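# Fold the stuff below for me.
(chains A and B)
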There are 2 protein chains.
Amino acid sequence: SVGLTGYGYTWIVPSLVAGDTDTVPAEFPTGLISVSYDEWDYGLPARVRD
Amino acid sequence: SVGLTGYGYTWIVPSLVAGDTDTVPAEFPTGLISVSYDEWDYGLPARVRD
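Residues are numbered from 1 along each chain as shown, chains lettered A, B, ... in the order given. Here you go:
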C-alpha cells in the first residue's frame, strides 16, 4: 500500500518467514534475503548418521 | 495508501481543487494551503457596482 517494498531495498529476513521455500506467497518482494538451514545439502541420510 | 499525506508536508493547491470552501471531503489533509478569490470581502453588491 505504501509501495516502497522493493526498488533498491534489500529486505533481510530469518528462516521463520521463509518457512517452506517451495511455497512463496507472491507478496514477498523480489530480492528478499533469508537465512535457511542446509536442507538442500544435508538430507535425511546425512543427518541420521550424525 | 502511502499514508504520507500530511505530517510535516505543506501541500499547496489552487482554487480548482478547493472548490466550494464550505464542503471538505474529509480526505484533504490538515494544513492544506489554497489560493482563492475574495469571496468573503468582495460581496455581490461590491462586484455589481465595480
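# can you tell me how far the closest residue to chain B within chain A sits from residue A:11?
Relative to chain B, the nearest point of chain A is residue A:1 (4.3 Å; CB to the nearest CB). Yep, even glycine has a C-beta here, placed from its N, CA and C like the rest. For residue A:1, the distance to residue A:11 equals 16 Å [CB to CB, to the nearest Å].
# about what we covered before: pull the number of nearby residues for the residue of chain A closest to chain B.
Neighbouring residues of residue A:1 were enumerated by other CB atoms under 10 Å in any protein chain shown; the total is 6.
# Isn't it up against residue B:1?
Yes. Between residue A:1 and residue B:1 there is a contact under CB atoms under 8 Å: 4.3 Å.
# List the contacts of the strand or helix carrying residue A:45.
Using DSSP states H and E, residue A:45 falls within helix A:44-49. Residues from elsewhere that reach helix A:44-49 (CB atoms under 8 Å, 6 or more residues apart in numbering or on different chains): none.
# Centre of the chain to it, how far?
Its chain's average C-alpha position is 23 Å from that of helix A:44-49, according to CA atoms, centre = their mean, to the nearest Å.
# and what of stretch A:16-31?
Distance of stretch A:16-31 from the chain centroid (CA atoms, centre = their mean) equals 6 Å.
# Next, the buried residues of that stretch.
residue A:18 (16 or more other CB atoms under 10 Å in any protein chain shown).
# all strands in chain A, in order from the N-terminus.
Taking DSSP state E as the test, the strands found in chain A are A:12-14, A:33-35.
# Run me through the strand neighbours of the first one, direction for each.
If I follow you right, that is strand A:12-14. strand A:33-35 (parallel) (DSSP bridges).
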